[PDB]
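A quick write-up on the structure given underneath.
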Amino acid sequence: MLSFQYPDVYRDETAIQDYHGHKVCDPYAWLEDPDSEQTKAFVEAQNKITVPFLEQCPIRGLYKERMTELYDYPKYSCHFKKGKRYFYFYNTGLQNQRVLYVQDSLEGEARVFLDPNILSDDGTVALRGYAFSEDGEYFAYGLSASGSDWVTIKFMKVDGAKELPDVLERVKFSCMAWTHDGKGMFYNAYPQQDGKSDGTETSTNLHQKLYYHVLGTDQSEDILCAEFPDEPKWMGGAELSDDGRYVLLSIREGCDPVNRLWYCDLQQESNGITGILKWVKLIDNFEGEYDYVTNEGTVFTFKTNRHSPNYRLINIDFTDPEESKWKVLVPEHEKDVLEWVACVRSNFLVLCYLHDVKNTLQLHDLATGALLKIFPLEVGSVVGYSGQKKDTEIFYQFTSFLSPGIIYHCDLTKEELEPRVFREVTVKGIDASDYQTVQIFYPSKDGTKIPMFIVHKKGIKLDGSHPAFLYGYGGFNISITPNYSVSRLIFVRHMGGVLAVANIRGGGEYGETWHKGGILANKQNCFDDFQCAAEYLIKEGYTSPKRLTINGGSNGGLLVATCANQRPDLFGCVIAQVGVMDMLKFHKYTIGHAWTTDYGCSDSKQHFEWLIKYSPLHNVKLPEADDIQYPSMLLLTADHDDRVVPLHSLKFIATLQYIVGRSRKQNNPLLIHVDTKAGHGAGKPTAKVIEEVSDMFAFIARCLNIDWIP
Ligand SMILES: *C(=N)[C@@H]1CCCN1C(=O)[C@@H]1C[C@H](N=[N+]=N)CN1C(=O)CCCc1ccccc1
């Protein structure tokens, strides 16, 4: 089957670093330079063997045609009102980018407001962040090119969709918040740096500042409002209170759900916004999260995890701010996670809970916190919502493994509330009643019960004969909840497969305790949990090791790469997307310094000793047993992935090919594909999305010799 040769790749045998007395060789360190002729030649040579392997069998074409047909359905966001008009996103089906529409009423004709498709031939310029002025008459929006986190902010006047001259550069990981006087907007920017800032560089991002842009002026006139020169990793994001009186600054350092919270009463500024604001440091530590919900005068409602790992709502009065005085508006639940909270129609709160990895949605009274109404949902997720304090209605969007989505609407001015379907689209070709979703709880190595969803055709025999696709992430307080994927349903219907999603530790599914269960010294729990999910699918007869594919992205790419090293005998195929592979060096590049809150950092002997045991780059080893080889592996990355710099996948694949690929017993391929004009994944155009899933499933099909089922 292996009709290609791995390219020759130079090994710098002098690249040796001492980590606390432990010598580490890094012979492909040179791949860390994305601009070198050597690195460019490496990427070209890798793509030269991967692309023909993916495209050789008719299966890829068959999958691509089916994906193109089935993904071609209308895709809507929730409506949201801004000022006197309503807005929503819509894709007729296969547009590269969804388009923002405007209408003057719910019954009125809609027209195009902003169409990102016309900004590039290939759909590689995408919206990334936006903010309307408080009155809805002005609009700021971020644009990212080629999938980079870097943003350029532009402005429009809403009436007539008039382009304005204002352009803001050096924007990344930025807030966007207009003052209610309509004068200007807060945003974040990084200082100038040597070399490129286009998403191909690896330069660390430090000293982010908070600026205020006055509309109608040049960016060079912008006011510096906050900076942290003694704390280069701090990031201060601004928002205005609902009444426009206060700027609230949420300062983060790293990725944990915690923030400092400072406020500025704008009425107390001596002469408007003219420099560093008179910040009052309400919460001046990183011990808890304080997420603004609403305020009534000086009484501020926050969602918090302060001594409340499943989250709760508290009221802090700025005039009586000591912690002993805070009021608990909605107490923490014993098990269910309060995921997010919004305030709507002055005095309602909408709370969204996660109950065993499924969403519920409730309306509560702002004054007492009392439950008023349950909004009924099917089993799945709430993935969009609109309804601000001054608005009198809500929209929310529901999705599940088997259903594309339903947008609901509820008019909250009505005495008796009555949520109604507002938009619903069905995908023809995927009959949902042919399948089922089950939730099981399996024990991990240490006895902890882990949730797992399994999606399969009704009535299958559990005889181990079915290909399976097992997905996980496990980190960063991210909950992996039910979502509609046409790409995975094609694997089910046309490849006879079983889908599985394991809610392993590190995630947010059981609150901060679940998250802490999969970080730092305990990161190995994630891998144990995921290997145990694979063992469950096998033991219960859903699949067998030779038919099992695992997949994850970013932190999930780390997950599957580590699992391939630790239990190569458990998996037939591994697809690692945009994965963190070098655990000793990740903190050196772009925003990787922020991930030390989940991983630790190799500058500490204690942390190094954790990291070295599981770092994918540092644990590639020929299996000892003669009858065991590595699974077939595909790494997917892209040359503007400035979130997880692609040198992670480059160094890993060079290592896999040299250590394992050279062995006579290894016949499963170990390949990388590096895309162009793409990044970590956000904003990827439809065309590239289709190519990517076609690559993934063609790889699975060829490696496992799976027949298409038309
Ligand atoms: C992929 N999972 C990468 C590598 C490991 C962590 N990664 C992230 O992208 C993390 C996790 C969250 N993403 N998701 N899902 C967010 N994130 C970031 O790096 C966000 C960077 C910007 C930032 C940094 C610190 C505080 C707030 C925002």
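Chain identifiers are assigned as A, B, and so on, following the order in which chains appear in the structure tokens; residues are numbered from 1 within each chain, and ligands are numbered from 1 in order of appearance.
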Q: Can you tell me which residues come within 7 Å of ligand 1 when counting only C-alpha atoms and all ligand atoms, ideally as an MDAnalysis selection string?
A: chainID A and resid 173 235 252:255 476 478 553:556 580 591:592 594:595 643:644
Give one line per residue of segment 314-388 of chain A that approaches segment 270-294 of chain A to at most 12 Å, naming the two atoms of the closest pair and their distance in Å to one decimal, counting only C-alpha atoms; sort by chain then ascending residue number and deliver it as a Markdown table.
| residue | atom | partner | partner_atom | distance |
| --- | --- | --- | --- | --- |
| A:314 | CA | A:290 | CA | 9.2 |
| A:315 | CA | A:294 | CA | 9.6 |
| A:316 | CA | A:282 | CA | 9.6 |
| A:317 | CA | A:282 | CA | 10.3 |
| A:318 | CA | A:282 | CA | 7.8 |
| A:319 | CA | A:282 | CA | 10.6 |
| A:320 | CA | A:282 | CA | 10.7 |
| A:321 | CA | A:282 | CA | 7.4 |
| A:322 | CA | A:282 | CA | 9.1 |
| A:323 | CA | A:283 | CA | 9.8 |
| A:329 | CA | A:293 | CA | 11.8 |
| A:338 | CA | A:291 | CA | 12.0 |
| A:339 | CA | A:291 | CA | 11.2 |
| A:340 | CA | A:291 | CA | 9.0 |
| A:341 | CA | A:293 | CA | 6.6 |
| A:342 | CA | A:293 | CA | 5.9 |
| A:343 | CA | A:293 | CA | 6.3 |
| A:344 | CA | A:294 | CA | 9.4 |
| A:345 | CA | A:294 | CA | 11.5 |
| A:346 | CA | A:294 | CA | 9.2 |
| A:347 | CA | A:294 | CA | 9.5 |
| A:348 | CA | A:294 | CA | 10.3 |
| A:349 | CA | A:293 | CA | 8.6 |
| A:350 | CA | A:293 | CA | 10.1 |
| A:351 | CA | A:293 | CA | 10.6 |
| A:366 | CA | A:294 | CA | 9.2 |
| A:367 | CA | A:294 | CA | 11.5 |
| A:388 | CA | A:294 | CA | 9.7 |
Selected residues, N, CA, C and O atoms, written as a compact mmCIF listing (two decimals), in the first residue's frame, please.
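Writing the result to selection.txt gives the following:
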# COMPACT_ATOMS: atom_id res chain seq x y z
N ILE A 314 -24.29 36.39 41.94
CA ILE A 314 -24.16 37.24 43.12
C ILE A 314 -24.42 38.70 42.76
O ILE A 314 -24.26 39.08 41.58
N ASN A 315 -24.86 39.49 43.74
CA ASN A 315 -24.99 40.96 43.61
C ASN A 315 -23.95 41.60 44.48
O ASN A 315 -23.91 41.34 45.70
N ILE A 316 -23.10 42.41 43.85
CA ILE A 316 -22.13 43.21 44.61
C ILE A 316 -22.58 44.66 44.51
O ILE A 316 -22.75 45.20 43.38
N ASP A 317 -22.77 45.30 45.65
CA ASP A 317 -23.08 46.73 45.67
C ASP A 317 -21.77 47.51 45.73
O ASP A 317 -21.02 47.38 46.72
N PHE A 318 -21.48 48.33 44.71
CA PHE A 318 -20.23 49.10 44.69
C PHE A 318 -20.13 50.02 45.93
O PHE A 318 -19.03 50.39 46.31
N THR A 319 -21.26 50.40 46.54
CA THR A 319 -21.23 51.25 47.75
C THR A 319 -21.09 50.46 49.05
O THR A 319 -20.97 51.06 50.13
N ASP A 320 -21.07 49.13 48.95
CA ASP A 320 -20.88 48.26 50.11
C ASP A 320 -20.22 46.96 49.63
O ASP A 320 -20.84 45.89 49.66
N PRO A 321 -18.97 47.06 49.17
CA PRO A 321 -18.37 46.03 48.31
C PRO A 321 -17.65 44.86 48.98
O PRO A 321 -17.18 43.93 48.26
N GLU A 322 -17.54 44.88 50.31
CA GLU A 322 -16.82 43.79 50.99
C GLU A 322 -17.55 42.49 50.73
O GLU A 322 -18.79 42.48 50.72
N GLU A 323 -16.80 41.41 50.54
CA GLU A 323 -17.36 40.10 50.19
C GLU A 323 -18.45 39.55 51.16
O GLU A 323 -19.42 38.94 50.70
N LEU A 329 -27.92 35.87 44.65
CA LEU A 329 -29.19 36.03 43.94
C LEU A 329 -29.72 34.70 43.46
O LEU A 329 -30.89 34.36 43.70
N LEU A 338 -24.19 26.40 35.77
CA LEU A 338 -24.74 27.62 35.18
C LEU A 338 -23.75 28.10 34.10
O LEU A 338 -22.68 28.67 34.42
N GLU A 339 -24.11 27.86 32.84
CA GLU A 339 -23.21 28.11 31.70
C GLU A 339 -23.11 29.60 31.35
O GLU A 339 -22.01 30.11 31.14
N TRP A 340 -24.26 30.29 31.27
CA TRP A 340 -24.27 31.71 30.93
C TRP A 340 -25.60 32.31 31.37
O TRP A 340 -26.57 31.58 31.63
N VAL A 341 -25.65 33.64 31.48
CA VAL A 341 -26.83 34.35 31.97
C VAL A 341 -26.92 35.64 31.17
O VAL A 341 -25.88 36.25 30.89
N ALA A 342 -28.14 36.04 30.79
CA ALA A 342 -28.37 37.30 30.10
C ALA A 342 -29.47 38.02 30.84
O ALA A 342 -30.33 37.38 31.44
N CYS A 343 -29.49 39.34 30.75
CA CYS A 343 -30.61 40.12 31.27
C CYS A 343 -31.40 40.70 30.10
O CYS A 343 -30.80 41.26 29.17
N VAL A 344 -32.73 40.58 30.15
CA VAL A 344 -33.61 40.98 29.05
C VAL A 344 -34.88 41.63 29.60
O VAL A 344 -35.32 41.32 30.72
N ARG A 345 -35.44 42.56 28.82
CA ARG A 345 -36.68 43.26 29.18
C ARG A 345 -36.67 43.82 30.60
O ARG A 345 -37.62 43.63 31.39
N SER A 346 -35.59 44.55 30.90
CA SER A 346 -35.35 45.23 32.18
C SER A 346 -35.09 44.32 33.37
O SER A 346 -34.01 44.40 33.98
N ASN A 347 -36.05 43.46 33.68
CA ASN A 347 -36.01 42.75 34.96
C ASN A 347 -36.19 41.24 34.87
O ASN A 347 -36.57 40.59 35.85
N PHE A 348 -35.89 40.67 33.71
CA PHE A 348 -35.79 39.20 33.60
C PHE A 348 -34.34 38.78 33.44
O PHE A 348 -33.51 39.54 32.90
N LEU A 349 -34.06 37.56 33.88
CA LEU A 349 -32.78 36.92 33.59
C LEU A 349 -33.06 35.62 32.88
O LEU A 349 -34.00 34.90 33.24
N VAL A 350 -32.24 35.33 31.87
CA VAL A 350 -32.31 34.07 31.13
C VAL A 350 -31.09 33.28 31.58
O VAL A 350 -29.94 33.76 31.47
N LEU A 351 -31.32 32.11 32.17
CA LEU A 351 -30.19 31.29 32.61
C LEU A 351 -30.12 30.02 31.79
O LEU A 351 -31.14 29.34 31.59
N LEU A 366 -35.26 39.18 38.04
CA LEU A 366 -33.99 39.83 38.44
C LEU A 366 -33.96 40.21 39.93
O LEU A 366 -32.95 40.07 40.60
N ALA A 367 -35.08 40.71 40.45
CA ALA A 367 -35.13 41.16 41.84
C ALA A 367 -34.91 40.09 42.93
O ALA A 367 -34.24 40.35 43.94
N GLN A 388 -31.17 41.65 24.94
CA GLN A 388 -30.46 42.58 25.82
C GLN A 388 -31.45 43.30 26.73
O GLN A 388 -32.64 43.22 26.50
Q: Pick out the closest residue to residue 6 of chain A from this set: A:33, A:458, A:46, A:357. Count only C-alpha atoms.
A: A:46
**Q.** Within 12 Å of residue 625 of chain A using only C-alpha atoms, minus same-chain residues under 3 positions, as a list in words
**A.** residues 567, 568, 569, 621, 622, 628, 629, 630 and 665 of chain A
Q. Which residues in segment 379-483 of chain A does DSSP call strand (DSSP E or B)? List them as number ranges by chain.
A. A: 381-386, 393-399, 406-411, 420-424, 435-443, 449-457, 468-471
Q) Suppose you want the space between atom CA of residue 194 of chain A and atom CA of residue 172 of chain A; what is it in Å? A)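 A separation of 16.4 Å between them.
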(Q) Neighbouring residues of residue 373 of chain A were defined as those with any atom within 8 Å, considering only C-alpha atoms; residues of the same chain fewer than 3 positions away were excluded. Please report them as a list in words. (A)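 So the residues in contact are residues 362, 363 and 364 of chain A.
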**Q.** Which of A:429, A:108, A:210, A:510 sits closest to residue 237 of chain A [using only C-alpha atoms]
**A.**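 Looking only at the distances to residue 237 of chain A, the closest residue turns out to be A:210.
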Q: Enumerate as an MDAnalysis selection string all residues of segment 601-695 of chain A assigned to alpha helix (DSSP H) by DSSP on the backbone, naming them with the chain letters and numbers the document uses.
A: chainID A and resid 605:614 647:655 686:695
How would the residues just chosen look if you wrote them out with C-alpha atoms as a JSON list (two decimals), in the first residue's frame?
[["chain", "number", "residue", "atom", "x", "y", "z"],
["A", 605, "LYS", "CA", 11.19, 21.31, 37.52],
["A", 606, "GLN", "CA", 7.87, 20.08, 38.94],
["A", 607, "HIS", "CA", 5.99, 21.02, 35.73],
["A", 608, "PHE", "CA", 8.69, 19.65, 33.46],
["A", 609, "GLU", "CA", 8.38, 16.30, 35.17],
["A", 610, "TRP", "CA", 4.63, 16.22, 34.33],
["A", 611, "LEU", "CA", 5.05, 17.50, 30.77],
["A", 612, "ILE", "CA", 7.92, 15.21, 29.73],
["A", 613, "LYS", "CA", 5.82, 12.09, 30.44],
["A", 614, "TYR", "CA", 3.12, 12.96, 27.90],
["A", 647, "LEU", "CA", 5.94, 24.04, 13.92],
["A", 648, "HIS", "CA", 4.16, 21.77, 16.49],
["A", 649, "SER", "CA", 2.88, 19.45, 13.73],
["A", 650, "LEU", "CA", 6.02, 19.87, 11.60],
["A", 651, "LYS", "CA", 8.41, 18.70, 14.32],
["A", 652, "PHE", "CA", 6.02, 15.91, 15.38],
["A", 653, "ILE", "CA", 5.62, 14.47, 11.90],
["A", 654, "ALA", "CA", 9.38, 14.57, 11.26],
["A", 655, "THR", "CA", 9.84, 12.60, 14.51],
["A", 686, "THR", "CA", -17.07, 26.60, 3.34],
["A", 687, "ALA", "CA", -14.96, 25.46, 0.35],
["A", 688, "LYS", "CA", -12.01, 24.69, 2.61],
["A", 689, "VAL", "CA", -14.25, 23.07, 5.22],
["A", 690, "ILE", "CA", -15.54, 20.66, 2.55],
["A", 691, "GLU", "CA", -12.03, 19.82, 1.33],
["A", 692, "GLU", "CA", -10.87, 19.19, 4.91],
["A", 693, "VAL", "CA", -13.64, 16.74, 5.88],
["A", 694, "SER", "CA", -13.20, 15.00, 2.52],
["A", 695, "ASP", "CA", -9.46, 14.59, 3.33]]
Q | Which of A:22, A:585, A:82, A:111 sits closest to residue 131 of chain A [using only C-alpha atoms] | A |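 Looking at the shortest contact to residue 131 of chain A, the residue is A:82.
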Q.
Using Å and a single decimal, report how far atom CA of residue 66 of chain A sits from atom CA of residue 685 of chain A.
A. 17.9 Å
Q. Pick from A:231, A:697, A:298, A:136: nearest to residue 61 of chain A, with only C-alpha atoms counted?
A.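 Ranking A:231, A:697, A:298, A:136 by distance to residue 61 of chain A, first place goes to A:697.
Nearest residue to residue 333 of chain A among A:511, A:518, A:474, A:557 is A:511, counting only C-alpha atoms.
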Q.
Need the shell around residue 589 of chain A: protein/DNA/RNA residues with any atom at most 10 Å away, counting only C-alpha atoms. Skip same-chain ones fewer than 6 positions apart. Format as an MDAnalysis selection string?
A. chainID A and resid 32 201:205 642:645 647
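Interatomic distance, atom CA of residue 660 of chain A against atom CA of residue 640 of chain A: 28.3 Å.
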Q | Nearest to residue 460 of chain A, chosen from A:570, A:492, A:328, A:140, with only C-alpha atoms counted in the distances | A | A:492
Q. Which neighbours of residue 449 of chain A fall inside 12 Å, counting only C-alpha atoms, when residues of the same chain fewer than 2 positions from it are skipped, and could you give them as a ChimeraX atom specification?
A. /A:356,440-447,451-452,502-505,510,514,529-530,532-533,536
Q: Fewer than 6 positions away in the same chain doesn't count, so skip those; otherwise give me all residues within 8 Å of residue 88 of chain A, counting only C-alpha atoms, as a PyMOL selection string.
A: chain A and resi 76-80+100-102
What would the file look like if the residues just selected were written as a compact mmCIF listing (two decimals), in the first residue's frame with C-alpha atoms?
# COMPACT_ATOMS: atom_id res chain seq x y z
CA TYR A 76 -29.45 31.11 9.96
CA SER A 77 -28.26 32.91 13.11
CA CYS A 78 -30.77 34.31 15.66
CA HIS A 79 -32.33 37.65 14.85
CA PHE A 80 -31.14 40.46 17.04
CA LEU A 100 -25.19 39.85 7.67
CA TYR A 101 -28.72 41.03 6.73
CA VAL A 102 -30.76 43.99 7.97
